[PDB]
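1. Quick one: experimental structure and sequence below.
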Amino acid sequence: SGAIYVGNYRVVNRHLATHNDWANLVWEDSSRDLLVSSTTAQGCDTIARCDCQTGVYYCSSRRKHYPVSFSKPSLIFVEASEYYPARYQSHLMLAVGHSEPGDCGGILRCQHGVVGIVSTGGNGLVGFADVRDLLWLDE
Ligand SMILES: CSc1cccc(CN2C[C@@H](C(N)=O)CCC2=O)c1
Ligand SMILES: [Zn+2]
């Protein structure tokens, strides 16, 4: 679990979105595993606007943050779940690091701000859904 709070918006993994998130829906993209809902309070998280490939993510299954090198956002094949059939997920970045399904939503940050949230991982892997291209989050 985990979410980004910026302005009048809440960014969550689409597969973890609640009934409240869907009744206050602003935008969703199944191919990215992202959903954005509107909120009654103002958020102060800062979204990074950069091409950083290094940062730190929160891993809830270890109660720890880990520094990682991560790939550029791209279409990567992801295996099936009760949430999705096997498919290409877009705007996804991989790093070598620990992750388990309940780790989805943990934030990845660089010196410029929030980069994305955990959404994948594998055998050692871990994947992050990028949010840096969502320029409208700031306005
Ligand atoms: C086996 S480690 C791991 C870590 C994070 C996530 C997963 C698998 N997964 C993929 C998600 C997606 N983005 O399609 C949907 C929900 C889900 O459980 C495995
Ligand atoms: Zn950066």
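-> Yes, it's here. Numbering: from 1, shown residues only. Ligands and ions are numbered 1, 2, ... in the order given.
2. tell me which element the residue nearest the centre of the chain is part of?
-> The residue lying closest to the centre of the chain (C-alpha atoms, centre = their mean) is residue 117, at 2.3 Å. Per DSSP states H and E, residue 117 falls inside strand 113-120.
3. Whether that strand contacts ligand 2 - can you check?
-> No. Applying C-beta under 5 Å from the ion, one finds strand 113-120 out of contact with ligand 2, separated by at least 6.5 Å. In short, each C-beta sits where N, CA and C put it, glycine included.
4. and that strand, how far out from the chain's middle?
-> Offset of strand 113-120 from its chain centre (C-alpha atoms, centre = their mean, to the nearest Å): 4 Å.
5. Please save the CA atoms from that strand in PDB.
-> Output of strand 113-120 as PDB, limited to C-alpha atoms (Å, rounded to 0.1, in the frame of the first residue of the first chain):
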ATOM      1  CA  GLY A 113      11.200  14.800  -5.600                       C
ATOM      2  CA  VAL A 114       8.800  11.800  -6.200                       C
ATOM      3  CA  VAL A 115       9.700   9.700  -9.300                       C
ATOM      4  CA  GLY A 116       7.100   6.900  -9.000                       C
ATOM      5  CA  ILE A 117       5.600   4.100  -7.000                       C
ATOM      6  CA  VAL A 118       6.400   0.400  -6.700                       C
ATOM      7  CA  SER A 119       4.000  -1.700  -9.200                       C
ATOM      8  CA  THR A 120       6.400  -4.600 -10.300                       C
END
